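Structure first, commentary second.
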Amino acid sequence: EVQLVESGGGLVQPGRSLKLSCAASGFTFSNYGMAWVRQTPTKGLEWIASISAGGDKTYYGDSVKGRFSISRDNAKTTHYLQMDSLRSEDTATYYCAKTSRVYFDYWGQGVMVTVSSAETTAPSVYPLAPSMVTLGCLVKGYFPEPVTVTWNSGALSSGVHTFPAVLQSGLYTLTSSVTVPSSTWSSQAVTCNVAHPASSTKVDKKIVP
Amino acid sequence: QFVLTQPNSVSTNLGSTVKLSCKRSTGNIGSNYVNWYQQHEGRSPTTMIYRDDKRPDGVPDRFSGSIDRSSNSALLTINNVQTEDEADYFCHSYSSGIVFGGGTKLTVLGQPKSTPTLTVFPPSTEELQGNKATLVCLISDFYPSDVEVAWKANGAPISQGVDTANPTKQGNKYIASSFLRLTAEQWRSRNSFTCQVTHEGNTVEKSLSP
Amino acid sequence: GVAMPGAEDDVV
Numbered sequence: 011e012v013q014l015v016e017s018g019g020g021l022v023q024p025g026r027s028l029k030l031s032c033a034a035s036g037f038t039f040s041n042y043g044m045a046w047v048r049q050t051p052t053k054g055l056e057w058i059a060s061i062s063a064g065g066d067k068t069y070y071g072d073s074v075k076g077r078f079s080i081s082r083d084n085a086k087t088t089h090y091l092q093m094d095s096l097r098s099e100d101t102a103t104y105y106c107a108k109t110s111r112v113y114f115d116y117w118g119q120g121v122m123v124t125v126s127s128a129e130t131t132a133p134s135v136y137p138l139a140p141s142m143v144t145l146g147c148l149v150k151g152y153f154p155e156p157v158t159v160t161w162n163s164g165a166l167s168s169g170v171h172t173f174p175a176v177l178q179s180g181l182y183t184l185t186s187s188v189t190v191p192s193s194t195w196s197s198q199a200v201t202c203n204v205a206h207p208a209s210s211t212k213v214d215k216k217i218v219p
Numbered sequence: 014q015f016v017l018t019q020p021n022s023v024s025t026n027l028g029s030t031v032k033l034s035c036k037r038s039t040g041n042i043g044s045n046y047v048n049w050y051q052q053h054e055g056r057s058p059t060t061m062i063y064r065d066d067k068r069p070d071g072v073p074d075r076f077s078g079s080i081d082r083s084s085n086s087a088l089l090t091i092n093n094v095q096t097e098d099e100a101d102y103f104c105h106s107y108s109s110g111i112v113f114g115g116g117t118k119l120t121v122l123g124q125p126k127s128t129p130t131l132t133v134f135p136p137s138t139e140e141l142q143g144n145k146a147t148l149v150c151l152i153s154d155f156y157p158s159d160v161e162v163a164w165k166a167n168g169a170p171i172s173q174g175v176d177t178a179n180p181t182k183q184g185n186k187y188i189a190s191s192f193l194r195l196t197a198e199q200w201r202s203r204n205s206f207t208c209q210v211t212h213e214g215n216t217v218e219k220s221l222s223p
Numbered sequence: 015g016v017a018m019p020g021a022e023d024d025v026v
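Here the protein sequences line up with chains H, A and D, keeping their order.
If you want the numbering used here, it's the 1-based position in the first sequence plus 10.
If you want the numbering used here, it's the 1-based position in the second sequence plus 13.
If you want the numbering used here, it's the 1-based position in the third sequence plus 14.
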């Protein structure tokens with residue numbers, strides 16, 4: 011089962027460097043090339059670079075004028091994108107993608123890179139309290155995306171809606187909700203768990219009646 | 014070395030056939046393979062078609078690829094289109110470099126209309142302690158996806174302080190949210206705010222009161 | 015067909 015797991019994204023200042031990793035498994039790593047491709051709403055998918063199955067041949071796309079370089083460590087079965095001299099316009103979701111001669115057969119999960127001299131801002135989290143009952147968590151004023159929200163550490167999975175954020179005065183706000191039987195709310199604690207990876211912050215808020 | 018041009022969007026109807034095109038600017042479309050990737054909201058791309066017209070096992074047989082040399086275009090045809098096919102579709106080819114089209118967003122109408130459910134929440138005591146107040150309106154379980162969201166204070170339309178998110182698909186239907194930014198005093202001042210949502214000409218509303 | 019750039023040494 012092909013797995014391509016990316017790490018290393020987050021918020022970085024202009025002019026600074028970042029190195030993304032793509033840990034591969036579930037296929038013979040050394041039999042296939044690997045590529046990096048980035049995505050934005052305005053510029054779509056842009057190929058950045060590819061490296062051959064034996065790690066000895068590299069190919070760069072013209073979207074970045076050599077500032078990014080691609081490498082691999084076949085013993086750790088991991089690919090890397092070293093991103094130097096970063097610019098505001100490099101903000102994007104970065105994917106690694108496995109090749110099979112003529113097409114990209116599998117893609118990694120993507121990681122967000124935000125290049126900004128604005129500070130990381132952690133959210134303020136507020137509890138929303140009101141037969142089924144809907145409870146919520148207001149995640150106010152964070153930057154950059156993303157945040158993750160779970161309910162009872164993921165033990166409440168059905169009934170959950172995490173709503174797309176709005177962006178205002180440079181900060182994101184979203185809400186997440188969960189619907190439970192009212193008997194659950196009156197006899198069991200319900201807590202939302204908010205994580206903002208780019209500020210390394212984690213907040214729990216118990217929803218009290 | 015070339016560009017691949019795709020329409021921005023196509024809107025079609027449940028059960029229809031729909032063709033998504035991918036036109037090569039210079040050089041023959043047939044001179045190297047074209048591939049197609051589906052990307053759902055918030056997710057990674059997956060292969061629909063590779064090597065012009067080959068289908069991974071697991072991709073429904075209602076997807077097919079072809080190459081139309083007279084228009085120098087590759088075509089992804091989806092027969093009997095389904096609402097689960099709503100996605101962005103990217104074409105891909107190569108020569109001396111690797112090229113993606115800009116992506117086509119596919120919208121599928123014709124599932125049974127689903128009127129939205131509203132949930133509203135007042136500001137939390139913790140937020141008011143900081144003198145601020147955010148009124149939350151959550152809009153869910155609706156199809157198709159356009160909504161008009163309006164807020165009232167005392168029955169009069171209020172515009173300032175409102176932020177509404179674009180709807181997104183989660184599961185089989187769409188969700189959206191809207192926020193009314195107030196000061197603690199603006200919330201305590203009036204005795205009613207209303208989130209009003211209009212969807213396919215039907216209007217649902219709920220109110221909040223200190 | 016010819017391989018894409020970087021993919022020419024892929025085993026299949």
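Every residue, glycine too, gets a C-beta built ideally from N, C-alpha and C.
Mind checking residue i: buried by the 16 CB within 10 Å criterion, or exposed?
i, result
"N45(A)", "buried"
"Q49(H)", "buried"
"residue 242(H)", "In the structure as shown, chain H starts at 11 and stops at 219, and residue 242(H) therefore has no counterpart that could be examined."
"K126(A)", "exposed"
"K53(H)", "exposed"
"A146(A)", "buried"
"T18(A)", "exposed"
"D83(H)", "exposed"
"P51(H)", "exposed"
"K212(H)", "exposed"
"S86(A)", "buried"
"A100(A)", "buried"
"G28(A)", "exposed"
"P180(A)", "buried"
"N48(A)", "buried"
"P24(H)", "exposed"
"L145(H)", "buried"
"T25(A)", "buried"
"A175(H)", "buried"
"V94(A)", "buried"
"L151(A)", "buried"
"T158(H)", "exposed"
"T207(A)", "buried"
Could you tell me the boundaries of the alpha helix (DSSP H) in which residue i lies?
i, result
"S141(H)", "Premise fails: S141(H) is in no alpha helix (DSSP H) and is neither H nor E."
"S196(H)", "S192 to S197"
"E161(A)", "No alpha helix (DSSP H) holds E161(A); the beta strand (DSSP E) holding it covers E161 to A166."
"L141(A)", "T138 to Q142"
Between which two residues does the beta strand (DSSP E) holding residue i run?
i, result
"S22(A)", "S22 to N26"
"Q199(A)", "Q199(A) -> not in any beta strand (DSSP E); alpha helix (DSSP H) instead, spanning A197 to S202."
"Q51(A)", "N48 to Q52"
"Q209(A)", "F206 to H212"
"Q183(A)", "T181 to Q183"
"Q178(H)", "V176 to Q178"
"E218(A)", "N215 to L221"
"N203(H)", "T201 to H206"
"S34(A)", "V31 to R37"
"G78(A)", "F76 to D81"
"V159(H)", "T158 to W161"
"residue 5(D)", "What the structure shows of chain D is the stretch from 15 to 26, and residue 5(D) is not part of that stretch, so it cannot be assessed."
"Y104(H)", "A102 to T109"
Using a C-beta to C-beta distance shorter than 7 Å, which residues of chain A count as neighbours of residue i?
i, result
"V16(D)", "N45"
"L55(H)", "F103 and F113"
"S187(H)", "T132 and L151"
"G120(H)", "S57"
"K150(H)", "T147"
When the cut-off is 7 Å and only beta carbons count, does residue i lie next to chain E?
i, result
"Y50(A)", "In the structure shown, chain E does not exist; the protein chains are H, A and D."
Chain D partners of residue i, CB-CB under 7 Å?
i, result
"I58(H)", "Chain D residues near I58(H): none, gap ~11 Å exceeds 7 Å."
"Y107(A)", "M18 and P19"
"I61(H)", "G20"
"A45(H)", "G20"
List, in order along the chain, the chain A residues whose C-beta lies closer than 8 Å to that of residue i?
i, result
"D72(H)", "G110"
"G146(H)", "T132, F134, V149 and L151"
"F153(H)", "None at all; the shortest Cβ gap to chain A is about 15 Å."
"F37(H)", "Simply none; closest approach about 15 Å."
What in chain H is Cβ-close to residue i, meaning under 8 Å?
i, result
"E139(A)", "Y136 and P137"
"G116(A)", "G54 and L55"
Anything in chain H within Cβ reach of residue i, meaning under 9 Å, just list it in chain order.
i, result
"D176(A)", "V176, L177, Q178 and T183"
Rounded C-beta distance between residue i and residue j? I'm assuming under 8 Å.
i, j, result
"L122(A)", "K32(A)", "About 17 Å separates the two Cβ atoms, so there is no contact after all."
"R97(H)", "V125(H)", "6 Å"
"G20(H)", "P207(H)", "7 Å"
"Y102(A)", "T117(A)", "5 Å"
"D115(H)", "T128(A)", "With a Cβ gap of about 42 Å, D115(H) and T128(A) do not count as contacting."
"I42(A)", "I80(A)", "6 Å"
Interface residues of chain D around residue i at Cβ under 8 Å?
i, result
"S110(H)", "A21, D24 and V26"
Using a C-beta to C-beta distance shorter than 7 Å, which residues of chain H count as neighbours of residue i?
i, result
"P58(A)", "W117"
List in chain order: all unbroken alpha helix (DSSP H) runs of 4+ residues lying wholly within the stretch 13 to 89 of chain H.
Runs of the alpha helix (DSSP H) inside the stretch 13 to 89 of chain H: none found.
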